[PDB]
Amino acid sequence: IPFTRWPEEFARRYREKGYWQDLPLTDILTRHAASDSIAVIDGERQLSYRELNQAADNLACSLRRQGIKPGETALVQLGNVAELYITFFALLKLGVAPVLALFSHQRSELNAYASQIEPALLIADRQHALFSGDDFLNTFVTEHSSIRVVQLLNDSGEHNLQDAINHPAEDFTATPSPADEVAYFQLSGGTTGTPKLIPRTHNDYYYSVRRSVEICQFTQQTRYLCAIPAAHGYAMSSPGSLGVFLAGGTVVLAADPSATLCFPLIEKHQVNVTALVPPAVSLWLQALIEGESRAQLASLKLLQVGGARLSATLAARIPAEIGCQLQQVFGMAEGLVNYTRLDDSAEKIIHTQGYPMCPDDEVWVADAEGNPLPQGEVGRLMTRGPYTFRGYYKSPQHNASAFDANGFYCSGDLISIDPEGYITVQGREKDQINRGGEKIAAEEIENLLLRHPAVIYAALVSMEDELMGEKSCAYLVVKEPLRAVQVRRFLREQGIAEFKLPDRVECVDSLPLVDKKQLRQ
Ligand SMILES: N#Cc1cccc(C(=O)NS(=O)(=O)OC[C@H]2O[C@@H](n3cnc4c(N)ncnc43)[C@H](O)[C@@H]2O)c1
């Protein structure tokens, strides 16, 4: 599986400092293989570590019997269900590298992922609108003929994922890829018209999980609510569910971040940490204002907020109105995660996005032509380190743009750094809408819009929104009358996730040639 390696002097240093341990990610689970403490709670279901590891082995073995092999790829689409984790570990034990699509993703996104990775295996959920029947499956499996095996959650037919999980593995031995090779693919936010995949090696991903565990002080006492989409990296690894498993704690799954679902799960299971994006935080606080008892949240000790910038106003209200500590998390799937620390001053927790997890994360701020700027100045985030990738999968053209000559990645973010060394996020250069933490590549949607018979020119831009931070607005130059609902129905036909439909559509008599900077004025 081809990916961009670190230069040999970097690998060598990162091993010498102990960052790269050359253990597979399977070891996060197998170190607890003999434990009957609870690893996952999913509704009424409670899975121990012993059971979780046995389930992954059963699934792996079963897939192996069906002919799936090490070095192959898989496409997986599961939401906040225990079978996400079983599946992730089963594929790791086989040496098969998955993309974990979010439940919300639709035809265009799944098609794009499958086209790039040519998966031998598809795992999905009949609860998803695409997979309740067999029509789409038929089309999908025809247009991506690399697929040999299909397993489905909530199926009772011959493709029942549960039959595999429940089938005791006879004589199974795990064959994870080497630790310095690819374990799985993460998804980028998106800055371009086609999705970009981020190869993650065992060494590099395990380090980001293990170091996050130290910073967040997770142990067997950790009871972690995973309520945002579980397969996103913030939920998975910062420290996320994998950090919880590493530390032997418990992950409580919720279908979404609503107060209605989560206030009860927090009280019931005595959750002590969770992870939110800013709007979820406002909604929780407003739920408390509307009368939910604050006592349902007593057990909560740490709340992480990330994905988009938390305002200081909103941040301050957390210890006050909820009574736990805040941790700001400013991370990206490409690598680099900055944390405020548990012993930081209130000033740093409230006003900054923290600093890098690793002492050898190298972060500098560039001006427009690639030159360093002194501290305090606002500029482009440039970075490299032991868990930051060196290239998107099979994307030479785009890789040429995304990295400088020395291997620094440019995250498309504008930042400034404190005298004390802390990062504040000040704006953005990449052509991307951050809608309450979820990422929308404007060019992707603009390309889809131009496919409309009536649309001559298309621009997608973010607009301030109090709750969501940013909402999306499509500016169109049209041949003919065109209402928002027509655009939205059309896009939905193309098959994209709901969160990517424009919140707002305006037909305009003209647009500048599209010069978005000028449009903002
Ligand atoms: N592995 C991982 C991980 C951990 C926490 C958050 C994220 C994340 O949001 N990743 S992303 O791949 O969906 O996109 C990252 C982009 O989110 C933005 N971001 C993210 N956290 C902030 C922030 N705290 N303030 C302001 N902008 C932010 C920033 O633009 C960054 O480049 C990923």
Side-chain angles (χ1 to χ4, degrees), residues 100 102 104-105 183-191 195-200 204-212 215-216 226 228-243 274-281 303-312 314-315 326-340 348-358 361 363 380-383 385 387-389 392 402 409-416 422-442 462 468-470 497 499:
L100 307 175
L102 311 190
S104 72
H105 290 333
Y184 92 124
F185 296 104
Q186 275 221 76
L187 306 178
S188 172
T191 64
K196 304 265 100 92
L197 304 197
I198 301 157
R200 304 307 299 257
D204 90 60
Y205 208 62
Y206 203 151
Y207 177 66
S208 62
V209 172
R210 165 168 31 98
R211 180 53 181 156
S212 298
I215 291 171
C216 294
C226 177
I228 63 180
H232 186 281
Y234 174 28
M236 192 87 89
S237 55
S238 307
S241 277
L242 295 176
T274 195
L276 293 178
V277 298
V281 178
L303 173 62
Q304 325 178 261
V305 185
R309 204 193 177 268
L310 190 49
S311 83
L314 204 49
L326 173 61
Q327 177 177 62
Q328 295 211 40
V329 190
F330 160 36
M332 61 206 72
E334 286 83 358
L336 185 66
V337 185
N338 306 277
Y339 291 109
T340 45
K348 297 308 211 196
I349 291 178
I350 285 153
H351 292 96
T352 76
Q353 286 68 68
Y355 61 102
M357 88 169 86
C358 184
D361 268 320
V363 186
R380 298 177 180 178
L381 197 161
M382 299 296 286
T383 199
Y387 62 98
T388 290
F389 80 150
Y392 294 104
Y409 166 70
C410 174
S411 73
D413 293 317
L414 304 171
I415 61 152
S416 70
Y422 293 64
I423 290 161
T424 296
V425 176
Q426 299 293 345
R428 200 140 76 238
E429 234 191 351
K430 48 178 170 185
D431 195 9
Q432 169 184 100
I433 299 173
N434 194 342
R435 186 175 189 283
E438 319 212 65
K439 307 311 188 317
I440 299 168
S462 53
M468 298 303 284
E470 315 176 17
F499 71 86

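Order of appearance sets the numbers: ligands from 1, and atoms from 1 within every ligand. Numbering of residues begins at 1 and proceeds along the displayed sequence. These values consider heavy atoms only, across backbone and side chains, with no hydrogens, waters or symmetry-generated copies.
Looking from atom 26 (C) of ligand 1 to the surrounding protein, the closest heavy atom is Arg309 N, 3.3 Å. Protein heavy atom closest to atom 31 (C) of ligand 1, with residue, atom name and distance, is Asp413 OD2, 3.4 Å. Protein heavy atom closest to atom 21 (N) of ligand 1, with residue, atom name and distance, is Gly307 N, 3.2 Å. Here the heavy atom of the protein found nearest to atom 24 (N) of ligand 1 is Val329 O, 2.9 Å. In terms of protein heavy atoms, atom 15 (C) of ligand 1 is closest to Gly331 O, 3.2 Å. Closest to atom 22 (C) of ligand 1 among all protein heavy atoms lies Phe330 CD1, 3.5 Å. Among all non-hydrogen protein atoms, the one lying nearest atom 3 (C) of ligand 1 is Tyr234 N, 3.7 Å.
Here the options are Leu381, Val305, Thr340, the test is side-chain contact (heavy atoms from CB on, under 4.5 Å), and the partner is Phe330; only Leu381 passes. Of the options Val281, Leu314, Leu310, a side-chain contact (heavy atoms from CB on, under 4.5 Å) to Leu326 is made by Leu310 and by none of the others. Results of the side chain to side chain donor-acceptor pair (under 3.5 Å) test with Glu470 over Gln432, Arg435, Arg428 single out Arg428 as the only residue that passes.
Considering backbone and side-chain atoms together, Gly306 places no N or O closer than 3.5 Å to any N or O of ligand 1. Note: no N/O pair closer than 3.5 Å links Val305 and ligand 1 by distance alone. On a distance-only criterion, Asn434 and ligand 1 share no N/O pair closer than 3.5 Å.
Considering each of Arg428, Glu438, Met332, the one bringing a non-hydrogen atom nearest atom 10 (N) of ligand 1 is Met332. Residue nearest to atom 23 (C) of ligand 1, selected from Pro278, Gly354, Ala308: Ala308 (by heavy-atom distance).
Using cut-offs of 30° and 60° for the angle between ring planes, the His105 and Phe499 rings count as tilted. Using the six-membered ring where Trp is involved, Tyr207 and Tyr387 have ring planes that are tilted, between 30° and 60° apart.
The closest approach between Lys439 and ligand 1 falls below 4.0 Å for a heavy atom of the residue. The shortest separation from a heavy atom of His232 to ligand 1 is under 4.0 Å, placing the residue in contact.
With a heavy-atom cut-off of 4.0 Å, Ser238 touches ligand 1 through its side chain alone. At a 4.0 Å heavy-atom cut-off, ligand 1 does not touch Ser188 at all. Here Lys430 has side-chain heavy atoms under 4.0 Å from ligand 1, and that is the only part of it that gets that close.
Listed for the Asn434 side chain is a donor-acceptor partner under 3.5 Å among the backbone atoms of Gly307.
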Note to self: side-chain hydrogen bond (donor to acceptor under 3.5 Å, both in side chains) for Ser188 and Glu334? Distances and angles first, verdict last.
What the structure shows: CA-CA 7 Å; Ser188 172; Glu334 286 83 358; 2.9 Å; yes

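Residue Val425 has at least one heavy-atom neighbour below 4.0 Å for each of these atoms of ligand 1: 26 (C). Which parts of ligand 1 touch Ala333 is read off a 4.0 Å heavy-atom cut-off, strictly below it: atoms 10 (N), 12 (O).
Distance CZ/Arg211 to SG/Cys216: 10.0 Å, rounded to 0.5 Å.
In this structure, the side chains of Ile423 and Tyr355 stay at 4.5 Å or more apart for every pair of heavy atoms.
Closest heavy-atom contact between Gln304 and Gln327: NE2-OE1, 3.0 Å. Scanning both residues, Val425 and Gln353, for their nearest heavy atoms gives N-OE1, 2.7 Å.
Judged by the 6.0 Å and 45° rule, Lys196 forms no cation-pi pair with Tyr392.
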